[PDB]
Amino acid sequence: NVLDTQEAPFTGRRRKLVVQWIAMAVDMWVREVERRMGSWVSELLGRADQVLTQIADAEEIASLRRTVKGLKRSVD
Amino acid sequence: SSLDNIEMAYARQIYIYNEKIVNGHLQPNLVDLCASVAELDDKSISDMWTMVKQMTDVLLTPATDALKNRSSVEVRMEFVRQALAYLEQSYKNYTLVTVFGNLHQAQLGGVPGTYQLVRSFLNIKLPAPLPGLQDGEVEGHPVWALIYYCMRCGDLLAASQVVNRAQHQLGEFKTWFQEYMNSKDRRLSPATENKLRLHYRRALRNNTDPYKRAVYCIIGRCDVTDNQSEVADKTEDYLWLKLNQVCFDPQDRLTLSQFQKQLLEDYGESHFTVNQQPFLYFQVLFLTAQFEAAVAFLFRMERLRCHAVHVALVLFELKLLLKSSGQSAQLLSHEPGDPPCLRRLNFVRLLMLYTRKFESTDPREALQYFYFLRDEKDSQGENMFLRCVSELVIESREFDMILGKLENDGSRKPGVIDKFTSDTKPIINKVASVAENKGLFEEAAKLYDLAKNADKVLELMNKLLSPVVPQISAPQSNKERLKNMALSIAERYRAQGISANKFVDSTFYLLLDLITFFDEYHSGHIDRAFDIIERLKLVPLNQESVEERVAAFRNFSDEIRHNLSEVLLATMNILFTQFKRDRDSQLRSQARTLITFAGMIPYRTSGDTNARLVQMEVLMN
Amino acid sequence: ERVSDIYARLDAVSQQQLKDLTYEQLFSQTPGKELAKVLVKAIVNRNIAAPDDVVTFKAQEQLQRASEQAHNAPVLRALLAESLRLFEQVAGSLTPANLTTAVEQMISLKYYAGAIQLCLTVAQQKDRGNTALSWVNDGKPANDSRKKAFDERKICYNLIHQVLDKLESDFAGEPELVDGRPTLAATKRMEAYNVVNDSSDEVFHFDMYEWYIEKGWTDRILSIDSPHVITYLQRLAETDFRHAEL
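Have a look at this one:
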């Protein structure tokens, strides 16, 4: 809900941090399922990737895109 | 064991072929590895593999799609030649055993020249002269008989020698035949081919010499409808007669597609299996490039399942078998977006059937056959080989043998699957996952512990311990059998520095301490048991700690809160006993503490427990 | 975890670094951090025997379990398919040691196509700018720093050679057709070589032309059709007799 509305302070290039949060949260989620969610999470991680390209720390973003696309595989 | 003598020998050969690919060695000839067992059986099977080798021994384009090789006119042409070379050589052996009683008998005296053999073959099969022969004889036999059976045996040179000694009698046939022997692909030039066909059709359409008729339209590939039944009375003689008549790019012409389809569509199994001889039909399909049909067909004969599966594998490891994309289709089918003259084999189902027979008590051999499915997946994405190993372990329950037994000393003796892939983390969880879903926690723990997945091992170990925490640990009980495995998991998890998240892990070592608290309590070692509970700082004993201990209970695993009732009572009964034996004030103070704690904690059987706790404190005073 | 089990299966420099490892070094020195990484890496590639460094472990765990199976098309295929899925998500980060072991394990389980697909993916991810294609198109000037980019693709291409090599080896003597339709050994040959001809990696196809030439497969190379191979030869002709003959 935060990544779509883009109400301040969650605007502009600061949304790079919103994706980092989403990566951490979802990553901790699949790691908590594989230790022991649907289309809408895959819809998000892919939509979260548009944000990283729309923002394109040149190497941080690049490394982060490959962490998102890794989670999209883990859910599908 | 569910494997017959023949099937077992094949399994061993398939283990070799797997051992070679598992150690990266040279890809040996599978067809040779299968014919190695065939010689241990009757020649009915040996002569099959001979056909399989010769029909698959065609120059291919490595790393090319299967459908492409089989659609290419290039390859389709060589199939016809490899078959004709088999029908000719096969017939040549029939001609030997016809003259000599045994192949060995012919060999000791020496195989005679194809010419003298054929001559010594005509003596028997026509002892008296037929009155309808033409063009005289040659060294005591009709010239056309010699030419036919020489061409039938495949020795065109031997046939041309016959022609050279009858130059005057045969007329213009010499210059025509000499061209056929020269031109490749057993075809003449359109101009000369036209000259002879029209001559034959002119006044020789019905000649009293059947051998003359046969040779002419074998050379000219004419009169495709006339099966020359006078000379081609056997089935192989028919196949050979037609494969010498097929053509490639409108009247009086037959092509492989028409012939191959014409045979099985109009004259199906029914026509070729009335004599209850199965290989006859198989040879008809295999020597016409219809490998999928012949494989499915022969796979239904319950006595020849082994052979049909392997001839499928050979075609599969040679990029020649046309697999069916969808796994929901029948065993034999024609894809909707493919030409009607080709068929497809549901290879996945094929192996799945063969395996179910001996997968129950012969797992090792089953895996060897499951490996060929390594390159395929299913609709859900799982690797077919990996899934087949999961299902085979769920059913067979052969964990130590197939997955590798992880002893209680910290060793992992590898299993049979370790040979095929080194990434054994998923299936061990797959097998552990279902057994977990079937309430088989004690097994799911051993399995999860085999894959060093402590998050799940300790989780399940928490569930198996909480019920047994206050119970009496007695020889061979369910407590001993679970406590002793938990301790064997505590050592191996400390010596190897392994641990799950602190929530799962903290509870696991906490229960182990409590299990010690009751094992000491039930033994009468009151002093020793009191000391343990004091360390855990789980139950307050001085009024100052009540506030913090009460807050901790809120976030402690319910596997602990469950056993709070028995802990308070044992601890109370401990102080209770020590009282009957200043110190009195100290026990009295601690007695109070337990009550106030229990009063502020909502827990299991708080009613009966809180009452008993208060009574035991009153008797102290 | 099982400690000495790791130790026994270590190097000597790894075994001797752990021997004289102090807590100070672990806490505040690089060699200590490096060894910690080595050790965790070992226990991860054994239960398989940062969402990038986490996924890579699970992938090794999936692949390790696959090899521990009795061969269940459903379970084996699932584990393999997933292992590949995961590895590809972290393709750009894979080290030559992890890639090699993975490919080898997949090769042992007859997962040829899959192995090849991983190698190509890894090659494309370690160089999305195609610095390698331009470095080859520029004659490979020494002292240039695209060599690294080309080397990281060559390690993937070599591993692809091993896959195809082991494929023809594993299926040496196996027939391409049985009873009419194709065998399973044949379909894996087609599925593998499909992945090959389905690629758009150009440095890869150059490396494969060179490879075909090496192995002597005039069979397949003369049958490509494409000009791409002609144009490639037109540059390398005045240079080698064997190429000029092609």
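Protein chains in written order, with the entry's author numbering: chain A3, 1298 to 1333, 1351 to 1370, 1383 to 1402; chain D3, 176 to 424, 431 to 762, 780 to 819; chain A4, 780 to 828, 849 to 1045.
Every residue gets a Cβ at the ideal spot worked out from N, C-alpha and C, and that includes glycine.
Item	Value
Counting pairs of beta carbons, one from the region 796-813 of chain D3 and one from the region 794-809 of chain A4, are three or more of them closer than 8 Å?	no
Is DSSP giving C397 (chain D3) helix, strand or coil here?	coil
Which one or two residues does DSSP pair with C209 (chain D3) in a beta bridge?	Answer by DSSP bridge pairing: none, since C209 (chain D3) is not bridged.
Leaving aside the five residues before and after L875 (chain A4) along the sequence, list all residues of the same chain whose C-beta is less than 6 Å from its C-beta, in chain order.	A865, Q868
Report yes if the CB atom of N610 (chain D3) is closer than 8 Å to the CB atom of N634 (chain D3), and no otherwise.	yes
Shorter than 8 Å from the beta carbon of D636 (chain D3) to some beta carbon of chain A3?	yes
Report back the beta-carbon spacing between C569 (chain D3) and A872 (chain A4) to the nearest angstrom; my notes put them in contact at under 8 Å.	4 Å
Could you check whether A901 (chain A4) and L963 (chain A4) sit closer than 8 Å to each other, using their CB atoms as the reference points?	no
Helix, strand or coil: which one does DSSP assign to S514 (chain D3)?	strand
Taking beta-carbon pairs under 9 Å, can you tell me which members of the region 476-499 of chain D3 lie near chain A4?	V476, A477, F478, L479, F480, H488, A489, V490, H491, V492, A493, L494, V495, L496, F497, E498, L499
Would you kindly work out how many angstroms separate the C-alpha atoms of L879 (chain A4) and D943 (chain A4), rounded to a whole number?	39 Å
Taking C-beta pairs closer than 7 Å, name the residues in chain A4 that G585 (chain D3) reaches, listed in chain order.	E867
Which residues in chain C sit within 7 Å of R568 (chain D3), going by Cβ to Cβ distance?	Absent from the structure is chain C; the protein chains it does hold are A3, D3 and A4.
At 7 Å on the CB atoms, spell out the chain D3 contacts of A821 (chain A4), in chain order.	Going along chain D3, no residue has its Cβ under 7 Å from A821 (chain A4), so there is no contact; the nearest lies around 11 Å.
Which bits of chain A3 does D851 (chain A4) rub up against, with CB to CB less than 7 Å?	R1392, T1393, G1396
Using Cβ-Cβ distances below 7 Å, what residues of the region 305-321 of chain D3 are close to chain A4?	none
Starting from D447 (chain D3), find everything on chain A4 with Cβ-Cβ shorter than 9 Å and list it in chain order.	Correct list: empty, because the minimum Cβ distance to chain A4 is about 18 Å.
If you drop the 5 nearest sequence neighbours on each side, which residues of the same chain put their C-beta closer than 7 Å to that of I707 (chain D3)?	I755, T758, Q759
Who does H316 (chain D3) pair with in a DSSP beta bridge?	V313 (chain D3)
For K558 (chain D3), count neighbouring C-beta atoms within 10 Å of its own C-beta (all shown protein chains included) and say buried if the count is 16 or more, exposed if not.	buried
Quick check on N564 (chain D3): buried or exposed, where buried means 16 or more other Cβ atoms within 10 Å of its Cβ?	buried
Within its chain, find whatever has a CB closer than 7 Å to the CB of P981 (chain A4); leave out the 5 residues flanking it on each side and keep chain order.	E975
Could you spell out where the alpha helix (DSSP H) holding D852 (chain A4) opens and where it closes?	850-866
Closer than 7 Å between beta carbons: that is the criterion. Which residues of the region 194-210 of chain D3 meet it against chain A4?	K195, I196, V197, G199, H200, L201, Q202, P203, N204, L205, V206, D207, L208
Tell me the DSSP secondary structure of residue 1068 (chain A4) in three-state form.	There is simply no residue 1068 (chain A4) to check, as chain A4 begins at 780 and stops at 1045 in what is shown.
So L512 (chain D3) packs on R245 (chain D3), CB below 8 Å; how close in whole Å?	Wrong, their Cβ atoms sit about 19 Å apart, outside the cutoff.
Taking only beta-carbon atoms, is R980 (chain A4) less than 8 Å away from chain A3?	no
Assign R1310 (chain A3) to buried or exposed, taking buried as 16 or more other Cβ atoms, counted over all protein chains shown, within 10 Å of its Cβ.	exposed
First and last residue of the alpha helix (DSSP H) that includes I707 (chain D3)?	707-717
Could you tell me the distance, in whole angstroms, from the CA atom of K619 (chain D3) to the CA atom of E576 (chain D3)?	13 Å
Between which two residues does the alpha helix (DSSP H) holding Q813 (chain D3) run?	804-818
Between which residues of its own chain and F601 (chain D3) is the CB-CB distance below 8 Å, once the five residues before and five after are set aside?	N193, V197, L548, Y552, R555, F566
Can you list, in chain order, the residues of its chain with a C-beta nearer than 7 Å to that of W224 (chain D3)? Leave out the 5 residues immediately preceding and following it.	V206, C209, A210, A213
Leaving out the 5 sequence neighbours to the left and right, which residues in its chain are closer than 8 Å to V390 (chain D3) when beta-carbon positions are compared?	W319, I322, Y323, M326
Check whether chain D3 comes within 8 Å of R1399 (chain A3), counting only Cβ atoms and requiring the distance to be less than that.	no
Taking 8 Å as the CB-CB limit, is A1370 (chain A3) close to chain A4?	no
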